[PDB]
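Participant: experimental structure below, sequence on top.
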Amino acid sequence: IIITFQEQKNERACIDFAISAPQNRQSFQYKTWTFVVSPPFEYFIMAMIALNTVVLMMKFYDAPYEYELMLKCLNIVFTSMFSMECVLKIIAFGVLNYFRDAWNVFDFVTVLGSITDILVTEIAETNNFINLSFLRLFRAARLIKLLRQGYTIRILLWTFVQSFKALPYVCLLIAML
Ligand SMILES: CC(C)CCC[C@@H](C)[C@H]1CC[C@H]2[C@@H]3CC=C4C[C@@H](OC(=O)CCC(=O)O)CC[C@]4(C)[C@H]3CC[C@]12C
């Protein structure tokens, strides 16, 4: 099936087709931009993603109940620091220049879900619904930030996934089966 697969030159077409194809310096906005674009800031936030996932990995059954408390407090600290980092970006870069990144919006959504999870955990029992707990996906989904750091795995995933987007009817045939 691999050896004999019909196409429905190439690289030359792709190159010749794709050949077609920052913030100013006014005020404290520039101070925030210089603070957030500093390579130390990016390395620090990457390390903080790493430590947040370490904290996620630290949960275990029948914890001493003070270990649970320090895990919760570490989650509080990480969520608040990610929120203030999101605020630093939303002020340094334009709100239009932030919400139109497709990665900054992911960070914003995960931060909002994280504070929402914190708020609900205190008063979860008053809701009494099945969806009381899906808000814990956001802390685990902050692990996706390291996917960007892993460059070649990101490229491989992107190529294969967008290939899947180019095949919406083979999956439909499988679903019909
Ligand atoms: C790349 C690595 C070096 C970074 C990530 C390491 C930690 C985030 C992980 C790795 C091993 C994990 C540990 C693996 C096994 C255990 C034992 C486990 O003990 C029990 O389950 C005891 C049961 C009981 O006494 O009731 C407690 C969690 C802990 C320390 C885990 C906590 C989180 C650890 C340290």
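Facilitator: On my side now, so go ahead. Numbers count the residues shown, from 1 in each chain.
Participant: residue 61 in helix, strand or coil?
Facilitator: In terms of secondary structure, residue 61 is coil; the call rests on DSSP: H, G, I helix; E, B strand; the rest coil.
Participant: gap between it and residue 108?
Facilitator: As judged by CB to CB, to the nearest Å, residue 61 and residue 108 stand 33 Å apart. Yep, even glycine has a C-beta here, placed from its N, CA and C like the rest.
Participant: what residues does this protein put near the ligand?
Facilitator: Residues of the chain found near the ligand (CB under 6 Å from any ligand atom) are 54, 57, 58, 60, 62.
Participant: out of these, the closest to residue 37 would be?
Facilitator: Relative to residue 37, the closest of these is residue 54; by CB to CB it sits at 26.3 Å.
Participant: re the thing from before, out of residue 61 and residue 108, which sits in the busier spot?
Facilitator: Between residue 61 and residue 108, counted using other CB atoms under 10 Å, the more crowded position is residue 108 (19 against 4).
Participant: which element is the more buried one on?
Facilitator: Taking DSSP states H and E as the definition, one finds residue 108 inside helix 104-123.
Participant: tell me what that helix is packed against?
Facilitator: Counting contacts by 3 or more CB pairs under 8 Å, 6 or more residues apart in numbering; DSSP states H and E, helix 104-123 packs against helix 67-92, helix 95-99, helix 137-141.
Participant: let's have those helices in TSV, adding distance to residue 50 and mean neighbour count.
Facilitator: TSV is the format used below for the helices and strands packed on helix 104-123 (distance: least, CB to CB, whole Å; neighbours: other CB atoms under 10 Å):
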stretch	distance to residue 50	mean neighbour count
helix 67-92	11	16
helix 95-99	24	12
helix 137-141	14	15
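Participant: export these to a markdown table and tack on distance to residue 116?
Facilitator: As requested, these are arranged in a markdown table below (distance: least, CB to CB, whole Å):
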| stretch | distance to residue 116 |
| --- | --- |
| helix 67-92 | 10 |
| helix 95-99 | 19 |
| helix 137-141 | 8 |
